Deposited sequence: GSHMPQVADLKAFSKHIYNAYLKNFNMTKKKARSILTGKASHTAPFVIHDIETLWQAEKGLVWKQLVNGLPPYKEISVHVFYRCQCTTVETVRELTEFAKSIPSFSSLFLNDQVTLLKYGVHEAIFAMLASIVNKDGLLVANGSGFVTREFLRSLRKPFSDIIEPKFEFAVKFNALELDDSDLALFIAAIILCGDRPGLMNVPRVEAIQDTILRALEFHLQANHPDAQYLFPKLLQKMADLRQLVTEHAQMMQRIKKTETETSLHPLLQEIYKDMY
C-alpha cells in the first residue's frame, strides 16, 4: 500500500523528532516510578526548601503556594521550547509561514502539556528536575486555594489517561495531532494544516494497530482524549483569568501572558 508505505516512516520520523527534543519521556519516567537515585520526595516546606537550596535543584519568594505556582510556569516555558523544536522537526510543519506556526503553538502548547504531564505522574505525585524529585499530590493539594485548584484537574485526567498505556511512539504522534489542529483560532492556511493533520492521524491510526494489536476502541478514545484536552485547557484558562484578577500580587511570565491574551 502506497499510503501504508510513506506512513510507517512518517510515523518513525516524528518519533525520532520526539526523542531528540523532550528532556523527559514516559519510558524514562515510568522506570523511575517503578524499576538509580530515589527522587527526593517533596511533601512539605522543609523538603521543598531543601530540594530547592541544593538537594534537588525566578520571582522574589513571596509564599510556598505562589512559589509552586511559579515553578509550574517555568515548566511550561521550558516545555514550550521543546514543543517548538518538536514542531519544527516536522518538515511539513516548518514549510508553513512563521505566523501560522505561532497560532498553532499558541493554542496548542497546553493541550500538549497536559498530555505529557501524565507521563511523569502517578496517582500520588509528579517528577521534578529530570525525575530527581517527587512532588507529592498531597502536598500540592494543600497549597493555597486559588493555586491549589489548577493542580487537581491535571491529575484527574492524567490517571484516566494513563490507563490507555500509551508508549513514547503513540505520544509522538498524539502530540503532533494536537499541535496541527486546523480548527485553531485565526489560523491562516487552514486547509494546509487540516491536510497535515489527516496524514498525522492516519499515521497514528495505522501505528496504533501494529503497536497495540489486540487492543480495542483505542483510536476513537484518543480523539476523545483530544477533545477532553480541549476542555481541560479551557477550564484551565478560566482559572488562570481569576488568578490574574484576585491574585493581584503574584506575577505571570511574559510567554504565559502573550499565550492568554485573546
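Asks: Can you give me the gaps, meaning deposited-sequence stretches with no C-alpha coordinates, in sequence order?
Replies: Unmodelled stretches: 1-3, 39-41, 64-69, 275-276.
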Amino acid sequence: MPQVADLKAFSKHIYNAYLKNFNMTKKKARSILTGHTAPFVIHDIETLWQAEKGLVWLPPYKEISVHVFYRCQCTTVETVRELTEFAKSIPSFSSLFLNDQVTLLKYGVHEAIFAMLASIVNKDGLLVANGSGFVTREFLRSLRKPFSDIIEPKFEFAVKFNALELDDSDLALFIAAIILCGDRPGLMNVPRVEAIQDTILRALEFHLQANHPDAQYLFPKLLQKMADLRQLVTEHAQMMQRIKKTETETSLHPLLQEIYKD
From here on, numbers count along this sequence of modelled residues.
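Rigid core here is just the name for the largest C-alpha set that superposes within 1.5 Å across the two forms.
Asks: Going by root mean square C-alpha distance after a core fit, say whether 90-98 or 162-170 is farther from the shown form in 7 other deposited structures of this protein.
Replies: Comparing 90-98 with 162-170, the larger C-alpha deviation in 7 other deposited structures of this protein belongs to 90-98.
Asks: Consider 209-217 and 225-233 separately and indicate which one has Cα atoms farther, on average, from the shown form in 7 other deposited structures of this protein after rigid core alignment.
Replies: Taking the RMS over all superposed structures in 7 other deposited structures of this protein, 209-217 lies farther out.
Asks: Tell me whether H36 turns out to be unmodelled in at least a third of the other entries of this protein, restricted to those that model residues on both sides.
Replies: Affirmative; at least a third of those entries omit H36.
Asks: Could you check which stretch, 73-81 or 182-190, carries the larger mean CA temperature factor in the entry?
Replies: Between 182-190 and 73-81, it is 182-190 that shows the higher mean C-alpha B-factor.
Asks: Tell me which stretch has the larger mean Cα B-factor in this entry, 191-199 or 230-238.
Replies: Comparing averages over the C-alpha atoms only gives 191-199.
Asks: In terms of the CA temperature factor given in the entry, to which third of its chain does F97 belong: lowest, middle or highest?
Replies: As the PDB entry reports it, the C-alpha B-factor of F97 lands in the highest third of its chain.
Asks: Lowest, middle or highest third: where is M24 by Cα B-factor in its chain?
Replies: Middle third, going by the recorded CA B-factors of the chain.
Asks: According to the PDB entry, is the CA B factor of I42 in the bottom, middle or top third of its chain, that is, lowest, middle or highest?
Replies: Its C-alpha B-factor belongs to the middle third of this chain's values.
Asks: Using the B-factors in the PDB entry, rank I90's C-alpha atom against the chain and give the third, lowest, middle or highest.
Replies: It belongs to the highest third of the chain when residues are ordered by C-alpha B-factor.
Asks: Using the temperature factors of the C-alpha atoms in this entry, rank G131 within its chain: lowest, middle or highest third.
Replies: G131: CA B-factor falls in the highest third of its chain.
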